[PDB]
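Everything below concerns the one structure shown next.
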Amino acid sequence: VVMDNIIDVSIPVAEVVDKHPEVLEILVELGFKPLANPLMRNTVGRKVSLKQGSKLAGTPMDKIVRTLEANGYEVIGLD
């Protein structure tokens, strides 16, 4: 059963990164690289979810979901 490493794409990106610090290295390769810096991530990243952010960054959600699954995560909060 899935228990750990769950990522909700519908909550603010900062909340994701706080819960999963290791996921930041993945996200910066998926159009979220300004959020590498804590100050940026805790400003813009508190307003934008992965779903919202992907539309702004022009990264297709399928690319994000595939990448996250390939690195051990289970994704929730999809449309």
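In the structure tokens, the first chain shown is A, the next is B, and so on; residue numbers restart at 1 for each chain, and ligands run from 1 in the order shown.
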
**Q.** Long-range neighbours of segment 26-33 of chain A as a VMD selection string, 10 Å cut-off, only C-alpha atoms, 3 positions minimum in chain
**A.** chain A and resid 13 17 22 to 23 36 to 37 40 to 41 45 50 53 to 61 63 to 64 67 to 68 71

Please save C-alpha atoms of the selected residues as a PDB file, in the first residue's frame.
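Final output, saved to part.pdb:
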ATOM      1  CA  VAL A  13       4.203  24.348  -3.892  1.00  0.00           C
ATOM      2  CA  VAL A  17       8.509  21.144  -0.514  1.00  0.00           C
ATOM      3  CA  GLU A  22      14.047  15.926  -1.561  1.00  0.00           C
ATOM      4  CA  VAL A  23      11.437  16.758  -4.227  1.00  0.00           C
ATOM      5  CA  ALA A  36      15.166  26.746  -5.434  1.00  0.00           C
ATOM      6  CA  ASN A  37      15.751  29.872  -3.357  1.00  0.00           C
ATOM      7  CA  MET A  40      11.193  32.952  -3.691  1.00  0.00           C
ATOM      8  CA  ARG A  41       9.648  29.593  -2.797  1.00  0.00           C
ATOM      9  CA  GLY A  45       5.402  29.231  -3.925  1.00  0.00           C
ATOM     10  CA  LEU A  50       1.990  22.506  -9.004  1.00  0.00           C
ATOM     11  CA  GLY A  53       2.557  26.582 -11.632  1.00  0.00           C
ATOM     12  CA  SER A  54       2.741  24.087 -14.508  1.00  0.00           C
ATOM     13  CA  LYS A  55       0.365  26.219 -16.571  1.00  0.00           C
ATOM     14  CA  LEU A  56       2.458  29.326 -15.831  1.00  0.00           C
ATOM     15  CA  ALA A  57       5.787  27.551 -16.517  1.00  0.00           C
ATOM     16  CA  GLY A  58       4.457  25.891 -19.679  1.00  0.00           C
ATOM     17  CA  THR A  59       5.284  22.398 -18.372  1.00  0.00           C
ATOM     18  CA  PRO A  60       2.578  19.847 -19.303  1.00  0.00           C
ATOM     19  CA  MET A  61       1.053  18.159 -16.247  1.00  0.00           C
ATOM     20  CA  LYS A  63       5.413  15.501 -17.805  1.00  0.00           C
ATOM     21  CA  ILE A  64       5.273  16.436 -14.105  1.00  0.00           C
ATOM     22  CA  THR A  67       8.644  12.544 -13.578  1.00  0.00           C
ATOM     23  CA  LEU A  68       7.289  12.403 -10.043  1.00  0.00           C
ATOM     24  CA  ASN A  71      11.282   9.262  -8.796  1.00  0.00           C
TER      25      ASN A  71
END

Q. So which residues touch residue 6 of chain A within 10 Å, counting only C-alpha atoms, skipping near sequence neighbours fewer than 3 positions away, as a PyMOL selection string?
A. chain A and resi 2-3+9+16+19-20+68-69+72-76
